[PDB]
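The chain below stands alone and is given as structure tokens, in the form deposited in one PDB entry.
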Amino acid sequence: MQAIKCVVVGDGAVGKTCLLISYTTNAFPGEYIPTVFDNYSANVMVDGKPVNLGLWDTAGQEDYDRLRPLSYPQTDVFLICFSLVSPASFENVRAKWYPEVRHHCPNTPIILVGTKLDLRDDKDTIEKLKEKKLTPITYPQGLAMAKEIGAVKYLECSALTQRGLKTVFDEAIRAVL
């Protein structure tokens, strides 16, 4: 049965750890957000074919440009992430994450994931951004970035509400089959 290594990369602002925890446990972690998600594997059927899905977090490694690539080899698919309410994380897709992923894994499929979809319509978040003369990242911005980096899909999800979250990982799998 097919073994799939999936590595999740992106700025601290995406909430990588939270995303993976909320995916695997089927629930936002709630009170306390844990800093640690240990390498995971579980069975899922996708289009009727069962698969063993491996998930590796990368949180903590954001300032170590030569340590991050230790996780990259033999990866079957990347989730490159940005928070939908941090233009900086989105710019970093282009500036930081896609470059190092193509350098190390030139023929490995990428899904571009926008996280924190639930905050894109939040007044307080919207306002906090307007005070820095910025706005959240909208759908066609994602699509345009996905294209630019060669992503197989652009997807939007929330760990909080679970909207799009199961789909992210289904499509990660489909991109390898």
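Each residue number is its position in the shown sequence, starting from 1. Under this definition, the rigid core comprises the largest set of C-alpha atoms superposing within 1.5 Å between the forms. Residues that one form lacks are left out of the comparison.
A second form of this protein, the form deposited in another entry, is not displayed here; the remarks below concern that form.
Once the two forms are fitted on their rigid core, between the shown form and the other one the CA displacement reaches 2 Å or more only for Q61 among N52, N39, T135, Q61. Once the cores line up, the CA of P29 ends up 2 angstroms or more apart between the shown form and the other one. Whereas the shown form places them at one spacing, the Cα atoms of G60 and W97 lie at least 3 Å closer in that other deposited form. Put simply, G60 and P87 come closer in that other deposited form: their C-alpha atoms are 3 Å or more nearer than in the form shown.
After superposition on the rigid core, the segments of 3 or more consecutive residues displaced by 2 Å or more at every C-alpha between the shown form and the other one are found at 27 to 38, 46 to 50, 59 to 64.
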